[PDB]
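One chain is shown next in structure tokens, namely the form deposited in one PDB entry.
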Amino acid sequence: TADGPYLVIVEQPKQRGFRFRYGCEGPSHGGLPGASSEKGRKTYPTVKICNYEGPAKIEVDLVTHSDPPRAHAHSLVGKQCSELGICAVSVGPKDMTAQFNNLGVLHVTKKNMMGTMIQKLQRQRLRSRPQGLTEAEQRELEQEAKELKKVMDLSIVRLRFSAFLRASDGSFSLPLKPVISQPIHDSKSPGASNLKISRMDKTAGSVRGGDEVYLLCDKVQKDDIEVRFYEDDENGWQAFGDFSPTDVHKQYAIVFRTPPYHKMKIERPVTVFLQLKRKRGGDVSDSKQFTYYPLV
């Protein structure tokens, strides 16, 4: 869209299913993969400097989930990283694409958060006056920290890629616009699991409903879940599972009774969809097929 040189995320990170590691857990536990990684094909976050060919330097750091992108308490740890959480690669005059195949997220302790925060905030405001730092600003620097620690989500981070075109000097000194990735959720964090149907005991029934199904899923909250049956033919037929939270077994299974199909006296089987749906959210699981059958 912009005429000038710019960075583009070729492959965003995994928005779900990456674990943030604490300082104690040990240094390599896996690298942040790409949004299209599977067991066979692994992919990693990738970016490219479009609208220029030449030597250049791309760096990533963790920013808040909040759109005004501020530095996160969390740091990137990796084979290619600063001890501030800043990861740096060099793109060759031919290859303008940077893959970041070994990126970890160091999870800060809540009792660590302030000091880690003032430390990244100092580092940030050192270019304005590198010789020395005044109390007059150290007081107000600590003021950001406190206000940020109150609202900062330790479960969600965003990669921020900052590209720098090496100048005539030999100095990698020219900035490009910084490009912020989609959010990255901690896999080991409260709720915010993607609703998954592992398997079900029945995939067929009668048009009459009332057929009892055992559904195995990933963690669900007994009071926030439902089982939506539907046909997305724009008729927009929908009905629901019949159960009580007691029927939701230790947040990993649902025993429900199928609803009746809208139209009985059907002559042939009809395939519909069912899906888990959080009422409190909008969030849905992958839909599975269910086939209604005719009568007597």
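Note that residue numbering begins at 1 and tracks the sequence as displayed. So that the term is clear: the rigid core is the largest set of C-alpha atoms that superpose within 1.5 Å between two forms. Residues that one form lacks are left out of the comparison.
A second form of this protein, the form deposited in another entry, is not displayed here; the remarks below concern that form.
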Exercise. Kindly check if the Cα atom of residue 238 is displaced 2 angstroms or more between the shown form and the other one relative to the superposed rigid core.
Key: yes
Quiz item: Does the C-alpha of residue 167 move 2 Å or more between the shown form and the other one once the rigid core is lined up?
Solution: yes
Quiz prompt | Cα-Cα trend for residue 36 and residue 85, given that in the other form the distance shifts by 3 Å or more | solution = farther
Quiz item: Shorter or longer C-alpha distance for residue 148 and residue 85 in the other form, given it differs from this form by 3 Å or more?
Solution: farther
Quiz prompt | Where the chain shifts between the shown form and the other one once the rigid core is fitted, runs of at least 3 with Cα moving 2 Å or more | solution = 1 to 3, 82 to 85, 127 to 132, 167 to 169, 190 to 293
